[PDB]
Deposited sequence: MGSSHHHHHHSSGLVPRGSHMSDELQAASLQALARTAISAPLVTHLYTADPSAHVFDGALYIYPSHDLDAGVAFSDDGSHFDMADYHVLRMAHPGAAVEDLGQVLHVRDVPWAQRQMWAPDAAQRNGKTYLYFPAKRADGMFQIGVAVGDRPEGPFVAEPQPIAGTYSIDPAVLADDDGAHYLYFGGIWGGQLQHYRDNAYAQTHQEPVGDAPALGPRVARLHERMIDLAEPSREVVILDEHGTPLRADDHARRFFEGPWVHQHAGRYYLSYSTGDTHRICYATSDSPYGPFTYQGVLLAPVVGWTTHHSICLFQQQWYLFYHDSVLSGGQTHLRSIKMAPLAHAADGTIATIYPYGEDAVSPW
């Protein structure tokens, strides 16, 4: 109402684009430029996305280019609907677009599409990646040359229906003192369109080295994992869903276990929160989204960016998207 107008006035970022609704930004530096692979929210006059665009910043501070639509669900034979939060990777001169979509039978899986350029167009594989399920893929290009796929989202994302990579209708989200579910991780094969191994659960620990509890909604994993490397450590960051933050944890291994550190992003306007963290020349950035452009509509978002800093001790200061003095939307 007027509480949202206050946030709009003190927002630290403006929508990087406004001619289309965008969400779940996955930022990468490919071929000397910053490419962003977001979802494309559609306004039906309800997360029913059907296609993906690719955005680019040629250099820091540059205007954002909309490189156009690069993949539509009609060219994904195994998928019926809901083209959700994607990501990209490069290897052997190819660019791969990883995306979650829903099969006709209602189950999410992660597919991949291949192109010869970062802007595509991408030709989707006929089937989804074997061993994948749930949503929100993130592909880490490790400094050592390997690529790792991270995925998972609870609630609507369906990760709660799986244990040890197998689906069960009676599998539900854990409660109380039971450990909360973590994202999945699997090294990718050199061909990039297949996993090189079955995925494993990524464990997030508290200050005492104990796994996060299911009843710890302030810190336990909800959706949208992202991993970046900095100062010899792996940083796992993710959304907490119902508590609306992007939190992060650290490990000396891409597989974890990751020890919880703190909140990386405070609550944004709109129920969902999703992000990526990417180094572009002289600056790390947090890419995120909110629903301010749409007037607070959770399903119609816009992506944003902000400078991010690692402190000398490796920690990352909380980013307040409408200022630290703002009344939090959640």
In sequence order, which deposited residues have no C-alpha?
-> 1-26, 72-79
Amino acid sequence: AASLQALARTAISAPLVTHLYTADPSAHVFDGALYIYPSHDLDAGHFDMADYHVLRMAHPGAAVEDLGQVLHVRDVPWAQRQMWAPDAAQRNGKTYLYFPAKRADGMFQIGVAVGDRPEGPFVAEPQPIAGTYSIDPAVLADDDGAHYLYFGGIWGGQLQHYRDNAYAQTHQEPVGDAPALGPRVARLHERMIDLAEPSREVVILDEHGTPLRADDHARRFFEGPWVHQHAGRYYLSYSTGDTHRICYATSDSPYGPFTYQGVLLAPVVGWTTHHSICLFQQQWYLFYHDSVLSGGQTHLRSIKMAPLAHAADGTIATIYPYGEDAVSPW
From here on, numbers count along this sequence of modelled residues.
Between 239-247 and 201-209, name whichever shows the higher mean Cα B factor according to the PDB entry.
-> 201-209
Could you say whether, by C-alpha temperature factor, residue 321 belongs to the lowest, middle or highest third of its chain?
-> middle
Report the third (lowest, middle or highest) to which the CA temperature factor of residue 232 belongs, ranking only the modelled residues of the same chain.
-> highest
What third of its chain's C-alpha B-factors does residue 136 belong to: lowest, middle or highest?
-> lowest
Taking the C-alpha B-factors as the PDB entry records them, is residue 254 in the lowest, middle or highest third of its chain?
-> middle
Comparing residue 146 with the other modelled residues of its chain, is its CA B-factor in the lowest, middle or highest third?
-> middle
